[PDB]
Amino acid sequence: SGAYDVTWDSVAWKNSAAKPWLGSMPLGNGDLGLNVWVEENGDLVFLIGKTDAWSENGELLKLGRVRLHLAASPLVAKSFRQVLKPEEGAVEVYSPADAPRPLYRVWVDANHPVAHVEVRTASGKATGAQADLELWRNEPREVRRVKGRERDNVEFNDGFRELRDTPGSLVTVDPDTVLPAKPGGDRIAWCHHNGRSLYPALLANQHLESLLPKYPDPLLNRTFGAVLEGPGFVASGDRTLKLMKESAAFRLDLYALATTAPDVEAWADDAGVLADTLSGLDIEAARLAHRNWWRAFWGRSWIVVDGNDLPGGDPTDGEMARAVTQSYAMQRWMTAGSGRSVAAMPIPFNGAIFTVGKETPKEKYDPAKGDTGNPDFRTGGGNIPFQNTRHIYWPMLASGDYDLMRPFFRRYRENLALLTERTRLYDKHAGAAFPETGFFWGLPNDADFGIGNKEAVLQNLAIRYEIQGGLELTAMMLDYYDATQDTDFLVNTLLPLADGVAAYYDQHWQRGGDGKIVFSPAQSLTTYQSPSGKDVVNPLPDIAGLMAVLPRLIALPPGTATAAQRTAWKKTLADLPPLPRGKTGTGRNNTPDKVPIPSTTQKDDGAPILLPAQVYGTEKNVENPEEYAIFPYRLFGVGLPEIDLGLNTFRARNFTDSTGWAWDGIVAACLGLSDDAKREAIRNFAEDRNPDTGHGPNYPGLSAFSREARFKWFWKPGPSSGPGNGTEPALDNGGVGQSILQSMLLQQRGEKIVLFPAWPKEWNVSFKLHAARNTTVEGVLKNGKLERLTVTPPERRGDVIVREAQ
């Protein structure tokens, strides 16, 4: 216990004086989250996040900010300690640092939509106290892109990316409402009510007006907010609580609620009932159940790495091992904090609900410039891009974090009916296609679709034909089902989605003369595009996905998949073109011995490799799509045939970025390349100081730690996410990091479990990870030797293959 705690020994740090909100700690219960900090004056401040606080603009909003100010500063000169305790699910502040009980104890109940702030003066001497609601959305705020200055409004272009093509080039951020507080009461309350919605105009632009009566508006009249109260407080204003009598021990309770409401009073009635109900619960019983929830969560799985004690080693290896261990845990803490949405909202890759900021003063605000510092901002806006989001969820399987995965699958399942009707209308065949990115309700945004597009093919070439996510989602769900053996999940979530995706892939294209499907028009992820409709033929990601997924669907238990489904899937499988293969040639910048960047530059003497497609043009991004057959689809890798094909492909890759969504490290682990994998894990989760980087001086991809935040695991986006400083935490970075470390330890080969496929011997490790058939593997490697291995259930031990650390 304490193994993952984060301890700070001072209120002061690099940005405390001018930007204390950059020194927050995150904490959540899966739906409600806080970013909490202590300012140099001793105030406790926190921003409030919620997974489903979607505004009229589709913007994910903070619920607000709260400031607690004791009448007498509670800090002392002697010492100070602020600690994140993940196994108790809490943040605690001690002053002095050795005080027996914390000055501030902050937690979000694992089991209820309430957060608690408990205060205890160290002297036991009573104090007055005031809590202020700090809302910044008090009047409508204009964000405008002006004709001569398109690049100036980063808030417009990046924070409202999905709306960038709105006619008129104006986004208005509607304000919030503070409810009148009851005179003499101990409660204040506030919320945001969506009085309008972008959804009807979007359906009309996308030729889907006919679906408007069938699927209700997902934004209109959505109302979300919170109630703040505390025993012994009185509302001295609608935005202010104060202690009536000085106290040495007191508490604030924050209850959060989202619903659909005709007005804020209706919302407030339901939220007051929620507060009444939950305030009646015994807080110590709630605290015990909260702590037990977190103890069990951390007992599901772990990876604890350290340097071994063999003479001749390098102490930096131990330093890196420990840093990697802490980072892996902090990623898990943030995903759990945001990963049990009450409304099937996937974890936002661009900051989850743990973004921070501080609004610029109204008097300084310029609508033509916007405000990227404001608390609601996130680079990339609110749409959910699969290429980033998949990396958050893949590692949850080996962690055993099935509950964190269900909202992602549920999101797609709830969108399936609309997207099936859309496909029926657009394409006049069965099935459903899921765009690479779009709004949470499943449709692409109008910028990617095209304002006034007379057709139904997406205008944006980056994602015009990219629908591979549906296949990859199906593969992830198949792993979930194999692990949990949850038949209800199989029948009610996996199968309808798999049915739609597989039917689309069977019906949207035509068989050619050889009887095999010709995948054109098509593209290979976002890197090889098809402006002509003919530039890309037979992309490897999609073909590899069908090769990996269709046999598994065909083999599902009797009475789940239908015999008719099996017949259709078998025919699709039998009609697949081959996985794209070829030889090395000249790649990007005419470099030799590479994956040929124009498909036509293969050299007859080149090494045999996988290709990103059978036919493809020049690159428009920096993905290595040919590697999809290694990860996620496990067609090649250590312990599988044609390992040299996989290795040649990896060595010949054109793109070698690290951190963010870059997934080279995962592929290296899948190929048994322990050194490559270790290096990438160290870049994502630590700092790579090793001299020969294959990268320029001061390459940003040598470390993913935050540039400016005190909680350094608020990852920064990787260089391949583009030029700017993005939004932190970039959870795709930490998701990739988890996949790398897990894949170094454990990989599945159908029913078999391969341990230590790419593990460096200099690292001792104690781990517990999950696998298919409700199996856990708990192992301890010391000085390169497996000292202990416990497999549950025991009969599954016979399916474990133990490889040697390298």
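Residues numbered from 1 in each chain as written, not as in the entry; some residues may be left out. Heavy atoms only, no water. Residues with missing side-chain atoms left out of burial classes, pairs and counts.

As summarised from the PDB record, the model derives from X-ray crystallography at a stated resolution of 2.05 Å.

Asks: Would you mind going over the overall build of the protein in detail, with residue names and values included?
Replies: From N to C terminus, the protein includes 17 helices and 31 strands. Here the C-alpha radius of gyration of the protein, 27 Å, is about what a compact globule of 806 residues would show, namely 28 Å. C-alpha extents for the protein along the principal axes are approximately 85 × 70 × 55 Å. Long-range contacts, defined here as pairs at least 24 residues apart, represent 68% of the contacts in the protein between residues at least 6 apart. (Helix = DSSP H or I, 4+ residues; strand = E, 2+ residues; numbered from the N terminus. Rg over C-alpha atoms; globule rule 2.2 N^0.38 Å. Contact = heavy atoms within 4.5 Å.)

Asks: Explain the sheet that holds strand β5 (residues 64-70) to me, and be specific about the residues and the numbers.
Replies: Pairing within the open sheet is antiparallel, and its 7 strands lie in the order β2-β3-β4-β5-β10-β17-β16. Edge positions in the sheet fall to β2 (25-28) and β16 (233-237), since each of these pairs with one other strand and no more. On average, each strand axis in the sheet is inclined to that of its neighbour by 25 degrees, with strand direction left out of account. Note: strand β10 (residues 129-134) against strand β17 (residues 240-243), 3 bridges, orientation antiparallel. Bridging from a neighbouring strand, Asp132 pairs with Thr240 of β17. (Pairing = 2+ DSSP bridges. Axes fitted to C-alpha atoms, helices over the stretch in contact; angles between N-to-C directions.)

Asks: Tell me about the environment of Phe250, residues and numbers included.
Replies: Among the structural elements, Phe250 can be located in strand β18 (residues 249-260). Here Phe250 falls in the buried class, since its relative accessible area comes to 8%. C-alpha separation for the pair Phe250 and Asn350, spaced 100 residues apart in sequence, amounts to 36 Å. The residues touching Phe250, leaving out its near neighbours within four places in the chain, are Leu70, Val117, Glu118, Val119, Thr127, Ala129, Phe233 and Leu243. (Buried < 20%, exposed > 50% of the residue type's maximum accessible area, 1.4 Å probe, protein only.)

Asks: Give me the sheet that holds strand β29 (residues 775-782): which residues, what numbers.
Replies: What the 4 strands build is an open sheet, ordered β19-β28-β29-β30; its pairing is antiparallel. Since the sheet does not close on itself, it has two edges, and those belong to β19 (302-307) and β30 (785-792), each with one partner. This sheet shows a mean twist of 10 degrees between the axes of neighbouring strands, independent of strand direction. Bridge analysis of strand β28 (residues 763-771) against β29 gives 7 bridges, and the strand direction is antiparallel. Across the sheet, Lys768 pairs through a bridge with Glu778, a residue of β29.

Asks: Account for the side chain of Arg287, with residues named and values stated.
Replies: You can see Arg287 is positioned in helix α4 (residues 283-299). Ignoring any residue separated from it by four or fewer positions in sequence, one finds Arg287 in contact with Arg105, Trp107 and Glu118.

Asks: Lay out helix α14 (residues 643-651) with the relevant residues and their values.
Replies: All buried positions along α14 are accounted for by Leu645, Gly646, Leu647, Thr649 and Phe650. Looking at the buried side of α14, the elements it contacts are β23 (581-583), β24 (608-610), α15 (664-670) and α16 (674-685).

Asks: Which residues make up the pairing of β28, and what are the values?
Replies: Judged by how many residues are buried, β28 sits mostly within the fold: 8 of 9 residues are covered. Where β19 meets β28, 6 bridges bridge the pair, whose relative direction is antiparallel. For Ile303, the partnering residue across the bridge sits in β28 and is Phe767. Taking the residues that link successive antiparallel strands as the turn, the β28-β29 hairpin has 3 residues, and the phi of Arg773 there is positive, at about 60 degrees.

Asks: Could you give an account of the packing of aromatic side chains, with specific residues and numbers?
Replies: Under the definition given, this model contains 35 aromatic pairs. Note that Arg332 overlies the ring of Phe297, its terminal NZ or CZ placed 3.8 Å from the centroid. Cation over ring: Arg332 sits above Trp298, and NZ or CZ is 5.0 Å from the ring centre. (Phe/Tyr/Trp six-rings, centres within 6.5 Å; stacked < 30°, edge-to-face > 60°. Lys NZ or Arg CZ within 6 Å of the ring centre and 35° of its normal.)

Asks: So what about unusual backbone geometry? Which residues, and what values?
Replies: Among all residues save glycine, negative phi is the norm, and among peptide bonds the norm is trans. Residue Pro96 follows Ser95 across a cis peptide bond; omega there is 0 degrees. Among the secondary structure elements, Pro96 is positioned in the loop between β7 (90-94) and β8 (104-108). With omega at -5 degrees, the peptide bond leading from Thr792 into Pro793 counts as cis. Within the fold, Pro793 resides in the loop between β30 and β31 (800-802). Backbone geometry at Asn774 places phi at a positive 45 degrees, although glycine is not the residue there. Along the chain, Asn774 falls in the loop between β28 and β29. What makes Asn774 partly exposed here is its relative accessible area of 47%. Positive phi is not limited to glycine here, since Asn783 has a value of about 50 degrees. Relative to the helices and strands, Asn783 is located in the loop between β29 and β30.

Asks: Give me the lowdown on the nonpolar core, citing residues and values where you can.
Replies: Judged by nonpolar contacts, the single largest core of 210 residues is most densely connected at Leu68, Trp190, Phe711, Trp759 and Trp763. Residues in contact with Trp763, not counting those within four places in the same chain, are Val305, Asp306, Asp317, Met320, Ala321, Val324, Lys678, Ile682, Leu741, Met744 and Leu781. One finds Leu179, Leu257, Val264 and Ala275 within the second-largest nonpolar core, a separate group that totals 13 residues. (Core = buried A, V, L, I, M, F, W, Y, C linked by side-chain atoms within 4.5 Å.)

Asks: Tell me about the environment of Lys768, and please be specific about residues and values.
Replies: Along the chain, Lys768 turns up in strand β28. For the pair formed by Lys768 and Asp401, sequence separation is 367 residues and the distance between their alpha carbons is 12 Å. Ignoring any residue separated from it by four or fewer positions in sequence, one finds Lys768 in contact with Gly299, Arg300, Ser301, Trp302, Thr776, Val777 and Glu778. Side-chain polar atoms of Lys768 contact the backbone oxygen of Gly299, separated by 3.0 Å. (Polar contact = N/O pair within 3.5 Å; in protein donor to acceptor, adjacent residues only side chain to side chain.)

Asks: Describe the pattern of salt bridges, with residues and values.
Replies: On inspection of all chains with the given rule, the structure shows 52 salt bridges. In this structure, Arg796 engages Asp799 in a salt bridge whose closest nitrogen and oxygen atoms are separated by 2.9 Å. Overall, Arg796 belongs to the buried group, its relative accessible area being 4%. Note on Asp799: relative accessible area 14%, which makes it buried. Here the salt bridges do not stand alone but share partners, grouping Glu39, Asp43, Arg65, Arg67, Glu134, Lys358 and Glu359 into one network. (Salt bridge = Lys/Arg side-chain N within 4 Å of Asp/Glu carboxyl O.)

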